[PDB]
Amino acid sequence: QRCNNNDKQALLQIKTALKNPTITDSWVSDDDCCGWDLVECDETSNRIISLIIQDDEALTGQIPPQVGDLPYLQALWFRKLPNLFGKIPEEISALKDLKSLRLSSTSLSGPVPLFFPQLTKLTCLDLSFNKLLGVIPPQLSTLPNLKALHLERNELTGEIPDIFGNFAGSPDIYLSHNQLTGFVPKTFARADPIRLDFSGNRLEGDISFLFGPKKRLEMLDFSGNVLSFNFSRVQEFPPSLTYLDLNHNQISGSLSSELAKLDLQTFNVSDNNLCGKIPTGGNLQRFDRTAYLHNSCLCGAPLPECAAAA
């Protein structure tokens, strides 16, 4: 045939372990498993290289450990399974060929496991919208080929490890809606990511070293933190910045007039300690007043005109 018998028996184990959910109805010992839904075989090796279990509210239990028994997996997705619980099983460490691991929108908990650096082909690592706990493993920073890391919407505490600025190739990082504390590491000055989303944490201090004219940054969201620095020290911006959200921080100083050279699509500095005139140009008078409310003394279009004598 085509379907490898060992890949076949592992899939039949996983089906059994999940209590024959409906989404595995295609998994019949009649038909070649390469034919089945949710899975993909390689063209040459004919091994299972893909398993996508998604969007099934009734599916109850843990990640079956027999996922470790599909040794040629390149993509393993468990997404939008609210009744999936327990911890990420240690067995995923034997999946040396994964490029895409997405375990997200589930009730997976415990610590972020420590074996991910060993998964050297990883390009996408998405553990987002779970109940993961404790600190970020700094050694994740050693993966050589990551494009994106999603740890957003868990229950992670502690600081951003210094070495998280040193990912080879500067992948996008999403840490938002956790309980992270301390400063953004200055190692991020040397990183060139396209997107960063650290919003809804308890981060403090400065991020001025994230901006600057040779960076390829397009999207920055640090809204809902306690950032406390003088925005006047950012006098040049990454030219392709189109999304900048800093609402709900303790940022002070004033808006550089260099902001008017950006094609900003999204812009929000509401609920800060900013002062002085909103500069004229670019898209700045195109944002409605809600991008600028709850500041100390910003004035001008679209806020009311500057009134020094009142």
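So that there is no doubt, residue numbering starts at 1 and follows the sequence shown.
Between 13-21 and 287-295 (mean CA B-factor, as deposited), the higher: Stretch with the higher mean C-alpha B-factor: 13-21.
Residue range whose averaged C-alpha B-factor is higher in the record, 161-169 or 125-133: If you average the C-alpha B-factors of 125-133 and of 161-169, the larger mean comes out for 161-169.
Lowest, middle or highest third - CA B-factor, residue 44: For residue 44, whose C-alpha B-factor we compare with every modelled residue in the chain, the answer is the highest third.
Entry-reported Cα temperature factor of residue 59, expressed as the chain third it lands in: Its C-alpha B-factor belongs to the highest third of this chain's values.
Lowest, middle or highest third - CA B-factor, residue 214: Highest third of the chain for residue 214's C-alpha B-factor.
Entry-reported Cα temperature factor of residue 182, expressed as the chain third it lands in: CA B-factor rank for residue 182: lowest third.
Residue 272, C-alpha B-factor rank within chain (lowest, middle or highest third): Residue 272: CA B-factor falls in the lowest third of its chain.
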